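One structure below.
Note: hydrogens, waters and symmetry copies are ignored here, and every other heavy atom, side chains too, is used. Just so it is clear: chains get the letters A, B, ... in the order the sequence lines come, proteins before strands, and each one is counted from 1.
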Amino acid sequence: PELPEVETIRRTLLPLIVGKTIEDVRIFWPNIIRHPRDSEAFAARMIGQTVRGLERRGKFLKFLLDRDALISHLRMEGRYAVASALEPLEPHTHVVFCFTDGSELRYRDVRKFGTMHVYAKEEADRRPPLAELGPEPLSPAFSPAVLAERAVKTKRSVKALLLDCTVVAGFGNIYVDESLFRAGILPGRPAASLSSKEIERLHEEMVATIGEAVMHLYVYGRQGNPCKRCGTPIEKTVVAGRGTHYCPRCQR
DNA sequence: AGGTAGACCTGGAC
DNA sequence: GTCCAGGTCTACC
Ligand SMILES: [Zn+2]
């Protein structure tokens with residue numbers, strides 16, 4: 001799930017779990033649990049706590065309990081659902097939080113790439129995975145100034161830059177390729193080669209692109225298809241070790 | 001010093 | 001077999 005989807009999950013999951021108290025935590029794939037390292041400690045510390053809120057930082061959901069925060073990243077396929085403890089579990093359910101009301105928050109992930117970290121609340125923002133997180137892309141803290149400062153300081157591509165969570169929080173691959181196309185900038189361009197005008201323009205498309213989706217694709221996944229703006233076939237290559245799509249005529 | 005390219009994970013799809 | 005994939009996690013200068 002990408003930032004806008006995580007935001008929808010955050011909004012819709014909260015009312016379904018707020019005020020419930022954890023009676024048990026069952027883990028079927030311990031590797032998902034990254035902190036505490038022992039999945040038995042992770043399970044024991046959460047029992048007895050009540051869910052008080054649910055926030056989002058980048059693509060990370062932050063479950064707020066009485067004493068602890070549970071920080072969860074779903075990666076590509078992770079999913080949460082609330083259902084009855086009386087019903088059989090769906091496939092690929094790796095972690096289940098059982099509440100005292102007979103309902104359960106179930107985490108499913110066919111790829112098992114998702115992660116969970118639990119810490120005393122006041123410690124979460126200063127520990128992994130939230131600690132080096134850059135600013136929300138839709139906040140005033142993510143500014144052209146900030147983006148320029150990071151761009152002129154690295155030898156990496158503009159795409160590698162946008163993909164860096166310390167630069168901006170949770171801006172995924174699809175949004176990076178769509179924003180670069182809307183801004184008219186090739187993804188393989190050295191970040192340091194961008195002009196002020198290009199930076200400002202990239203910043204504005206990033207916000208509109210992800211802003212529109214938080215509330216149809218030009219290039220992502222459209223390779224071999226004609227560009228929606230000019231008809232030239234979209235091209236796909238690998239930049240920053242990821243699938244990268246762009247219009248060769250319109251992006252410079 | 002620390003910026004940075006590769007590697008790790010995992011299973012379904014080509 | 002071979003191929004992705006996010007936010008790490010090494011080594012490597
Ligand atoms: Zn075009």
Query raised in the report: What distance separates A:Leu163 CG from A:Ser157 OG, expressed to the nearest 0.5 Å?
Result: 7.5 Å
Query - OP1 or OP2 of C:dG6 under 4.0 Å from side-chain N/O of A:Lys59 - result: no
Query raised in the report: With respect to the side chain of A:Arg156, which nucleotide from B:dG12, B:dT4, C:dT8 is positioned closest?
Result: B:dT4
Query - Distance in angstrom units between A:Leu162 CG and C:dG6 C1', rounded - result: 15 Å
Requested in this report: Tell which nucleotide pairs with C:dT8, taking only Watson-Crick or G-U wobble pairs whose two distances are both under 3.5 angstrom.
Outcome: B:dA7
Query - Nearest listed nucleotide, side chain of A:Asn31, among B:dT10, C:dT8, C:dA5 - result: B:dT10
Requested in this report: Could you tell me how the ring of A:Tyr119 sits relative to the ring of A:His117: parallel (under 30°), tilted (30 to 60°) or perpendicular (over 60°)?
Outcome: parallel
Report summary line: Between NE2 of A:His117 and P of C:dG7 the distance, given in whole Å, is 12 Å
Requested in this report: Using the six-membered ring wherever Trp is involved, compare the ring planes of A:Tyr218 and A:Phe181 and label them parallel, tilted or perpendicular (cut-offs 30° and 60°).
Outcome: parallel
Query raised in the report: C:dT8 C1' sits how many Å from A:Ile32 CD1, rounded?
Result: 15 Å
Query raised in the report: A:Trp29 side chain N/O closer than 4.0 Å to the phosphate oxygens (OP1, OP2) of B:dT10?
Result: yes
Report task. Would you indicate what A:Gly172 reaches in the nucleic acid, counting non-hydrogen atoms under 4.0 angstrom: base, sugar-phosphate, or nothing? Result -> nothing
Query - Exercise: do A:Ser72 and A:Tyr80 side chains pair donor with acceptor under 3.5 Å - result: yes
Query raised in the report: If each of A:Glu132 and A:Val238 is mapped to the nucleotide of DNA chain C with the nearest heavy atom, which maps nearer the 5' terminus, i.e. the 5' end?
Result: A:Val238
Query raised in the report: Does B:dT4 have OP1 or OP2 sitting under 4.0 Å from an N or O in the side chain of A:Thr154?
Result: yes
Report task. Please check the phosphate of C:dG7 (OP1 and OP2 only) for any side-chain N or O of A:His73 closer than 4.0 Å. Result -> yes
Requested in this report: For A:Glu5 and C:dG6, give me the distance from atom CD to atom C1', rounded to whole Å.
Outcome: 14 Å
Query raised in the report: Ring-on-base stacking between A:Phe113 and B:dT10, under 5.5 Å between centres and under 30° between planes: is it there?
Result: no
